[PDB]
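Cβ: placed from backbone, ideal geometry, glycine included. Neighbour counts: every protein chain shown. FYI, it's all coordinate maths here, none of it is from the lab.
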Amino acid sequence: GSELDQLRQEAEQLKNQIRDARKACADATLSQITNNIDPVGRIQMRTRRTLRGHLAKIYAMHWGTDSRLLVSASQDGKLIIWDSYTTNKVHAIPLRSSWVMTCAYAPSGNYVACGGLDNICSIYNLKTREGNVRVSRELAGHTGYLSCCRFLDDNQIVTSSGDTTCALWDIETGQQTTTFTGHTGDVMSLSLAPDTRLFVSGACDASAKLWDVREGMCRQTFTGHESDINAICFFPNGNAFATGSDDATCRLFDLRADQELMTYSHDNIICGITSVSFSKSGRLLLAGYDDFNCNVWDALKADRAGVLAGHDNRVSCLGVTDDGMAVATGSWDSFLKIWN
Amino acid sequence: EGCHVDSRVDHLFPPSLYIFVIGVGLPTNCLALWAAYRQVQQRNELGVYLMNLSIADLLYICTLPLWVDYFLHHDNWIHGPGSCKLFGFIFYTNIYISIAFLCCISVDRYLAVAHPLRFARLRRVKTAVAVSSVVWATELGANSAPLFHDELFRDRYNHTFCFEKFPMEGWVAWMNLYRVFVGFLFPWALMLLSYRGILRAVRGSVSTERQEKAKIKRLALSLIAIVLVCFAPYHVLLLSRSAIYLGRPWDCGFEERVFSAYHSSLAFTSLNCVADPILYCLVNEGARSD
Amino acid sequence: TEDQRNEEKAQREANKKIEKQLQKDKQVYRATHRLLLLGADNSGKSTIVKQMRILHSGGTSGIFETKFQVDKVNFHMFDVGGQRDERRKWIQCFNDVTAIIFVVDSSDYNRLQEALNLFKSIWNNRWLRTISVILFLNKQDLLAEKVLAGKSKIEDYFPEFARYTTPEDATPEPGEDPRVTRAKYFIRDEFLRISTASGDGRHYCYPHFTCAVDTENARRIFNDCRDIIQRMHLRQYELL
Amino acid sequence: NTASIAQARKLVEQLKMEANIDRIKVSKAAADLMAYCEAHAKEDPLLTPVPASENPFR
Amino acid sequence: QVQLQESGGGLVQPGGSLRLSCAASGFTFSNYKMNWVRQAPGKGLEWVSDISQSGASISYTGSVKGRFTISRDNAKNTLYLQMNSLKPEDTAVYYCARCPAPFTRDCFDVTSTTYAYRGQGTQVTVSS
């Protein structure tokens, strides 16, 4: 008891030291510095395509590196690879388990990953000599549902799970190379840095952490939000990121400053955020909401700039092309629209 | 043969009724068509039948001003035999197509509500399109009979009739009998049976309150009664005329006595083009959300 | 010119074949009804699943999938078992099932409030409205013997039971003692009060008393799903 | 009991490791983000509309 | 940084009285609803009482009805539990919990193990 009390007291002292350092590091705010910048309040765009064919609600999607082909996942048990320009279907992969929750597109273009409520990550081959798409590897070892996955290259992939940990795999041998064991609640999202040397993750406990891929331990923690974090995305230059939470706000964090420095909220907005994404330059911030809309924020002024209406149900996923030419959004109404 | 005929009200009542009908029919039917297309876009196959009914109603409405002009001049046609032929065909034909599509809607509803888990194949947009095409083709083919004859006549008095004559020819009586029976009674009976079955099925719901059952019972009765009230008189008069003709071909005495009643009853049948949009679109709240 | 030929080939072959396969898949997909099984460790949900699997699983990774068929209509039930305590995120993958099966153990009063709280939390979720619930009270035999023995009294956990009076609509079984019926109907009325307090017309709850020897549960689920689908059809076809 | 003590010790070690990192004032970060977002403004079609000829879609 | 700190408690004779206080910081107190949860020796977490945002819609577990009372103070971000007529079966740690989402009337995982938005607890002992 006495030792436990001493440990708790010294933890409180370290917390106070960190808070004092954070307070000292703050001498201004984004609002004051950016007050002179002109706004972009003339943002308005309309849907240019509508992809049909999925039987049930869409849970995830991911662009290809060429920004022409994209893969989508639906809870009826299908992975469909569309051609964006002509709206043609290229492939259609049936899945063993229909409760898929995530999907990824290999940067090389040869594979697609999949996973969900089965605690497995399946790798599919799109360029087999026989001219068919077949399973080539299954990754097992997580004790909770799979929430996200991302390819590093043809051989390794990093995943997050509902068991509060993240892992790094080697596809050829299907073995866990590293494990990350910092969070306290479910991990809901991932995001890789442009150089693939770090990544961030947000959990059900209202905090986010930064990881070192090779070293294997956490380096920072951010505790600004009030409820579960549902989405996370790195900034183009790789020195900041943004999160979406169930408390109906978004916030932008600062790796170097270790501090939160912006909030995006409105009085009449009461629902939560489901997805976020940055534009090519980082001046815009797109977020999907539990209400069937999608709001375009001003990442520097923090005032709204537009809206994307037209879905008849909850907006679930969101993505932007590598060349910043189009935005794709899926929804629980089972349609996948392309805007602008 | 020939006989004198005259009227005094047909130059007052029919044209006014048509003028009233047109203005309320056009925008309401357009909005109903929009709502039906939206329902189709939502993957509900009742919309196909709703759009077909709206299109038939609009086609019928577009040809009314010519007959207003005809009635104003005391039964005289001045626009040519071809125009008489075409407009008479449309004006005398669209009613039965409207009735057939009402029957189709009723049967679709009966299948949906009374057999929730049995006929997912029949309740598709593809089947709706196939059935609609068959209905259109069959109706037009069966009613094309008067398009191979002369439909413009001149009488000794100041009359130039289009699609009518007193006394009428032999084939017209058989056409009238076929019209009455096949094109009125059968779809009406089908509608009555379908809504009876709907009510019988709905009586057994456990999740539904008594107020909602009362509302449903009111709506079904209104739907049946409007059709009966709109269509019964003209058809009874037509059947009586045809029967009397088959009785004594040369006797025109009866035709002389019911001319104004026949014309007024014929004019009375145009209220359905206004009744249908209301009852089938506006009363529902979801469809009223346009 | 070769680009146009390649585009024509790709369009025709790929899209036509894929669309035909998708239509074939949709035909099968629309003809099956899927259900979610919920319960606690001491309940007997797995027992019922096994019973109707015998009466009428592969790819089990914590999820026990079961199939059965009544009157040529195919059903598919799922039982998530590979997850840890917290439920509030993976529960919304089931926002479009026909019904949710909720099983309770009514012979143990010490765990009754936990099931009451879980039912109340499910009934009020943002994404689980519009989904009906089938309620099974699973251990009527144990409850009957427990009440007959008289070792422990219900009023200690629920003091309101002292002033309870049996409802008129109750239909006791022929050989039932009045007080056992009183207790069981009281426990049921608790759940029904939570259900009717703040529900809506887009929501319902069907209760049934069940045991470990019953063989009518498949037909109960069948009939309740028929009622749910009919009520949805009434609204879809603009009769409501 | 021992598990709680071990968890507390690990948490204290993590806090100590995280409390020894060198930071910078917010002004530098704000300036850097502003400069970056300004320097890449001309490569964002979603900001400046793209003419119909150059649109891959439409 | 969501944190909740409890106070009060100690040793008390059967039939005694105490007042528990729970100070909250780091979130809007009035948007969420609050609960009381206790863990007796050799037992799992157990739900005791809850109170809605405004102050109405109170609820209790039956075993403590007519004995304990729960209340809010939205102006001070504090929660209370006035205990009286204590019995030996009330000896346990008492945690301060709150729901995961603000504008909701469902509270899913408040009684789980390793739930994040919960307090450290305070020991209440009743004996002689």
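Just to be sure, is A:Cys294 away from chain D (no Cβ under 14 Å) and either touching a strand residue (DSSP E or B) at 6+ places or on another chain (Cβ under 6 Å) or buried (at least 17 other Cβ atoms within 10 Å of the Cβ) (or both)? The answer is no for A:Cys294.
Residues in the range B:168-220 that are among the charged types (D, E, K, R) and within 12 Å of chain C (Cβ to nearest Cβ): B:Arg203, B:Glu209, B:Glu212, B:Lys213, B:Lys215, B:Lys217, B:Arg218. Would you mind telling me which numbered condition in (1) within 7 Å of chain A (Cβ to nearest Cβ); (2) under 27 Å from A:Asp298 (Cβ atoms) D:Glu18 fails? D:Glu18 satisfies all of (1) within 7 Å of chain A (Cβ to nearest Cβ); (2) under 27 Å from A:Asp298 (Cβ atoms) except (2).
For the range A:254-271, a residue qualifies if it is more than 14 Å from chain E (Cβ to nearest Cβ) and closer than 25 Å to D:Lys25 by Cβ, and the qualifying residues are A:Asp254, A:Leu255, A:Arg256, A:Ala257, A:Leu261, A:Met262, A:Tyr264. Contact map, the range E:7-33: residues that are hydrophobic (A, V, I, L, M, F, W, C) paired with residues that are in a loop (DSSP other than H, G, I, E, B) and surrounded by fewer than 18 Cβ atoms within 10 Å (Cβ to Cβ), Cβ distance under 8 Å, separation 6+ or inter-chain. Pairs shown: E:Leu11/E:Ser127; E:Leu18/E:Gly8; E:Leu18/E:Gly10; E:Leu20/E:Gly8; E:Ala23/E:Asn77; E:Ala24/E:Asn77; E:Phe29/E:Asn74; E:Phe29/E:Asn77.
Residue-by-condition table, conditions (1) more than 14 Å from chain E (Cβ to nearest Cβ); (2) in contact with a strand residue (DSSP E or B) (Cβ under 7 Å, 6 or more places away or on another chain):
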residue	(1), (2)
A:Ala208	no, yes
A:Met217	yes, no
A:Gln220	yes, yes
A:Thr223	no, no
A:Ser227	no, yes
A:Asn230	no, yes
A:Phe234	yes, yes
A:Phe241	yes, yes
A:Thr249	no, yes
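Are any of the residues in the range A:12-19 more than 9 Å from every other protein chain (Cβ to nearest Cβ) and hydrophobic (A, V, I, L, M, F, W, C)? No, there is no match, as no residue in the range A:12-19 is more than 9 Å from every other protein chain (Cβ to nearest Cβ) and hydrophobic (A, V, I, L, M, F, W, C). At least 3 residues being farther than 30 Å from D:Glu54 by Cβ is the threshold, and among the strands (runs of 3 or more DSSP E) wholly inside the range A:7-118 those reaching it are A:89-94, A:100-105, A:111-116.
The set of residues in the range B:75-90 that are surrounded by 13 or more Cβ atoms within 10 Å (Cβ to Cβ) and over 26 Å from B:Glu139 (Cα atoms) comprises B:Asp75, B:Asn76, B:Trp77. Looking across the range C:210-240 at every residue that is polar (S, T, N, Q) and within 15 Å of the chain's Cα centre (by Cα), the one that is farthest from C:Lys45 (Cα to Cα) is identified as C:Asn223. Condition first: among the acidic types (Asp, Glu) and within 14 Å of chain C (Cβ to nearest Cβ). Can you find one or more residues in the range E:100-111 that meet it? Yes, there is a match, as at least one residue in the range E:100-111 is among the acidic types (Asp, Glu) and within 14 Å of chain C (Cβ to nearest Cβ).
Looking across the range C:12-49, the residues that are out of contact with any helix residue (DSSP H, G or I) (no Cβ under 6 Å at 6 or more places or on another chain), hydrophobic (A, V, I, L, M, F, W, C) and in a helix (DSSP H, G or I) come down to C:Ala14, C:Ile18, C:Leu22, C:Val28, C:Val49. Elements of the type helices (runs of 4 or more DSSP H) sitting completely within the range B:204-290 and holding at least 3 residues that are among the aromatic types (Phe, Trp, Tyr): these cover B:210-247, B:259-268. Among the residues of the range E:33-49, not a single one is crowded, with 19+ Cβ neighbours inside 10 Å, of a type in the set (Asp, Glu) and more than 14 Å from chain A (Cβ to nearest Cβ).
Looking across the range A:20-57, not a single residue is within 10 Å of chain D (Cβ to nearest Cβ) and on the phi > 0 side of the Ramachandran plot. When E:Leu45, E:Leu18 are screened for being touching a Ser or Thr at 6+ places or on another chain (Cβ under 8 Å) and on the phi < 0 side of the Ramachandran plot, only E:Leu45 passes. Scanning the range E:51-92 for residues that are in a strand (DSSP E or B), within 13 Å of another protein chain (Cβ to nearest Cβ) and not polar (S, T, N, Q) returns a single hit, E:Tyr60.
Is it the case that C:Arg34 is touching a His at 6+ places or on another chain (Cβ under 7 Å) and either farther than 26 Å from A:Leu55 by Cα or away from chain E (no Cβ under 14 Å) (or both)? Answer is yes for this residue.
Evaluated against (1) in contact with an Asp or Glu (Cβ under 7 Å, 6 or more places away or on another chain); (2) surrounded by fewer than 22 Cβ atoms within 10 Å (Cβ to Cβ); (3) more than 10 Å from chain C (Cβ to nearest Cβ), A:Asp154 falls short on exactly one condition, (1).
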